[PDB]
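Participant: This one is an experimental structure. Sequence first:
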Number of protein chains: 2
Amino acid sequence: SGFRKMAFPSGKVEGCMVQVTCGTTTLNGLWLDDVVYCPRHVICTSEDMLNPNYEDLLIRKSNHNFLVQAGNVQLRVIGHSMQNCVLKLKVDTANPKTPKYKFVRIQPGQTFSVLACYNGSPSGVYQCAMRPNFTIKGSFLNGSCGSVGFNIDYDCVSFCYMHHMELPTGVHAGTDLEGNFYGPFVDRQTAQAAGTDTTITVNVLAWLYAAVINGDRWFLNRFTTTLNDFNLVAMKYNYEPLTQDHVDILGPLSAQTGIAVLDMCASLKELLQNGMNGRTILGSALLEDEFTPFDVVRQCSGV
Amino acid sequence: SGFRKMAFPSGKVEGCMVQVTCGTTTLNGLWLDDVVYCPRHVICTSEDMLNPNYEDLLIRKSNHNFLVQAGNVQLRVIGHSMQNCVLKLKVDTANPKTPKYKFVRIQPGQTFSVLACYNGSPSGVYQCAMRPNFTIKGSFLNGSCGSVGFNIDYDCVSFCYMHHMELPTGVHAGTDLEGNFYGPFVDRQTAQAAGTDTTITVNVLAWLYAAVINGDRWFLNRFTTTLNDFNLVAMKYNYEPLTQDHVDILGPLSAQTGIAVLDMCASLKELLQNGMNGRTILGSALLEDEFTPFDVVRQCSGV
Ligand SMILES: *[C@H](O)[C@H](C[C@@H]1CCNC1=O)NC(=O)[C@H](CC1CC1)NC(=O)OCc1ccccc1
Ligand SMILES: *[C@H](O)[C@H](C[C@@H]1CCNC1=O)NC(=O)[C@H](CC1CC1)NC(=O)OCc1ccccc1
């Protein structure tokens, strides 16, 4: 038993991280088969980044402007192209450690593992949820761009995120591996801000089920409510509306605990209106919304 | 910027995990050079585990009683011995992926990464602190024994933990890689319980410094206190006493923020006496004590 925020093992992705240098800029790239993917803003200078025309900037580059290093071994660039906000560098060697992989775009409310990297070298791994406002609450320093986010399913790595920037509130923004931003953000130094956010209701309910499975029961009650009545409380507290599909995906957890989803919704209603009164749930004094039903089932099925 | 609980990249350890089978018991082992390390209770049956004499049980085993599998490839056992609570199986192949490594025992209050594994296959990675009562708050299911905890320092893996059991309160206990338990625990099914725990004061202070570096300042005040006066408050709230050495290790964080340690201690005193009044620090509504000064410096130096 026990419930811990847990990342996927990072080894398959570690074998894909390289260092990409252009001019005086060095960031990380992802080396899959004979292609290296990295943020296109690596081709920019300090003044280029205020208002860049990336088509112009890439036309003025050649293959020899790009230094790719897989550890000590330098990789020779034999071609370059752009796909939206990602640069693709073709190299003269297929990565012998390329895993089975997909490029997938994730939905708000879904989670993924981030392998934070600097100078092509992985430094740490942690879980992130895609917020409803299309930011993530990461930990990224200078040089972290090109770090990727991913999920793993039976030795297949689904890449879903490449890191590009930090917003003024300290949250982070990036693209999928096709180079399309999550959210209404652009890769230049301007005055962008995250929109208003909301709490991921299905995830809070999943975490309450994890709590029960791990023996935290103090917040339970005898009451049940209706979907429509619960969704009125959700709007008051800036929670997403609960759909019937969300009720359906919580089915397994509802079955394992014998607590109906609308039964647990009554508990959430009381927690929202009354607070915790000094108590904790799974080691937290706040309602946690960054665990998906899948994340919970992964750790709580055996319990 | 950003501050996230972060594990070390797990790839170097993933390449060392194998599956060890004895009888109808299957758990995980750690394959380094030509030796596999695993919990000795793998040699026990259901009735053996109530009150085992491990010297007798191992004398009655032979090499062919042990099935070791590195993925699909079965490894041939050519010798076996016991070191305290760990079984060492000598195999006819040195692990080609053996990293530079050490076996180190950690101190309460220190952190490490856990690579949770089942059937020799890594499933997730997360950070744990060794509690003052020598337990950890993990996430371990049946089959997780033999999973290891580690820190990484310049491609050298320092192994510090191997998982053995779950206590009745849901926390976890295990050994160092020499097979010596952390804490007053034994590897048999009996009525063991964790002793009383305390809060790791130097870690809470380190986390408050991380908060300031990341822009959370609401808990700061103009007051300073003395070491002796603070240690009186620490005893009332079941916090460890602050030593001068702890003040010294917080030096860099104190310098980076311009807030003296005894200045920050006044803030902690107020938080302990008054609570948070509905506010949060680094996304938590509780005082967090599982980040070391090193953990904080790793993420906050660049900020
Ligand atoms: C790429 O490595 C870098 C990552 C930032 C650096 C600090 N934390 C991060 O996540 N990205 C940038 O520097 C981008 C580049 C523009 C998108 C084209 N700019 C940026 O993030 O500016 C905000 C910022 C905040 C704090 C410190 C530096 C920069
Ligand atoms: C080894 O894989 C297993 C790990 C436990 C299983 C559930 N969570 C864990 O951490 N260890 C054991 O089963 C040990 C064996 C005895 C030490 C010799 N026993 C044990 O943990 O018993 C407590 C327990 C609690 C919940 C479920 C099963 C067992």
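Facilitator: Yes, it's here. Numbering: from 1, shown residues only, chains lettered A, B, ... in the order given. Ligands and ions are numbered 1, 2, ... in the order given.
Participant: give me every residue that touches residue A:295.
Facilitator: Residues near residue A:295 by Cβ atoms under 8 Å, 6 or more residues apart in numbering or on different chains: A:6, A:111, A:127, A:206. C-beta here means a position set from N, CA and C on the backbone, and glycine is covered the same way.
Participant: Please identify which helix or strand holds residue A:203.
Facilitator: Taking DSSP states H and E as the criterion, residue A:203 maps to helix A:201-213.
Participant: Name the residues that touch that helix?
Facilitator: Under Cβ under 8 Å, 6+ apart, the answer for helix A:201-213 is A:1, A:3, A:109, A:129, A:217, A:219-220, A:234, A:239-242, A:246, A:249-250, A:253-254, A:256-257, A:259, A:261, A:264-265, A:267-268, A:281-282, A:287-293, A:295-296, A:299-300, A:303.
Participant: And the next helix or strand past it?
Facilitator: Using DSSP H and E, the first helix or strand after helix A:201-213 is helix A:227-236.
Participant: That next one to helix A:201-213, inter-axis angle?
Facilitator: With axes from the mean of the first three to the mean of the last three Cα atoms, to 10 degrees defining the directions, helix A:227-236 sits at 110 degrees from helix A:201-213.
Participant: which of the residues in helix A:227-236 are buried?
Facilitator: Within helix A:227-236, the residues scored as buried using 16 or more other Cβ atoms under 10 Å in any protein chain shown are A:230, A:231, A:233, A:234.
Participant: which residues touch the helix or strand that it is followed by?
Facilitator: Per DSSP H and E, the first helix or strand lying C-terminal to helix A:227-236 is helix A:244-249. Contact with helix A:244-249 is made by A:201, A:202, A:205, A:227, A:261, A:262, A:293, as judged by Cβ under 8 Å, 6+ apart.
Participant: Check stretch A:82-95 too.
Facilitator: Against stretch A:82-95 from outside (Cβ under 8 Å, 6+ apart): A:15-16, A:20, A:29, A:31-43, A:54-55, A:58, A:66, A:68, A:70, A:75-81, A:162, A:164, A:175, A:177-181, A:187.
Participant: ok, now stretch A:54-71?
Facilitator: Stretch A:54-71 has contacts (Cβ under 8 Å, 6+ apart) with A:18-23, A:29, A:31, A:36, A:40, A:43-44, A:48, A:74-80, A:82, A:87, A:89, A:91, A:95, A:120.
Participant: Tell me who's in contact with the residue of chain A found nearest ligand 2.
Facilitator: For chain A, the residue closest to ligand 2 is residue A:1, as judged by Cβ to the nearest ligand atom, at 6.3 Å. For residue A:1, the contact set (Cβ under 8 Å, 6+ apart) comprises A:213, A:214, A:215, A:303, B:139, B:140, B:141, B:166, B:170.
Participant: Likewise for residue A:252?
Facilitator: Neighbour list for residue A:252: A:293, A:297 [criterion: Cβ under 8 Å, 6+ apart].
Participant: Report the separation between it and residue A:261.
Facilitator: Going from residue A:252 to residue A:261 by Cβ to Cβ, to the nearest Å gives 11 Å.
Participant: One more: residue A:89?
Facilitator: 48 Å.
Participant: I'd like to know which residues of the stretch 51-200 of chain A are adjacent to ligand 1.
Facilitator: A:140-145, A:164-166, A:172, A:187-189 (Cβ under 6 Å from any ligand atom).
Participant: switch to 5 Å and redo it
Facilitator: A:140, A:142, A:144, A:145, A:165, A:166, A:187 (Cβ under 5 Å from any ligand atom).
Participant: May I ask which helix or strand encompasses the last one?
Facilitator: Assigning secondary structure by DSSP H and E places residue A:187 outside every helix and strand.
Participant: where exactly do the helices run in the stretch 1-150 of chain A?
Facilitator: Counting by DSSP state H, counting those that start in this stretch, the stretch 1-150 of chain A has helices at residues A:11-14, A:54-59.
Participant: For residue A:86, see how far away residue A:189 is.
Facilitator: Counting by Cβ to Cβ - residue A:189 and residue A:86 are separated by 18 Å.
Participant: hmm, back to that, which of the residues of the stretch 51-200 of chain A next to ligand 1 fall within strands?
Facilitator: A:165, A:166 (DSSP state E).
Participant: Closest one to residue B:156 out of the residues of the stretch 51-200 of chain A next to ligand 1, please.
Facilitator: residue A:144 (23.5 Å; Cβ to Cβ).
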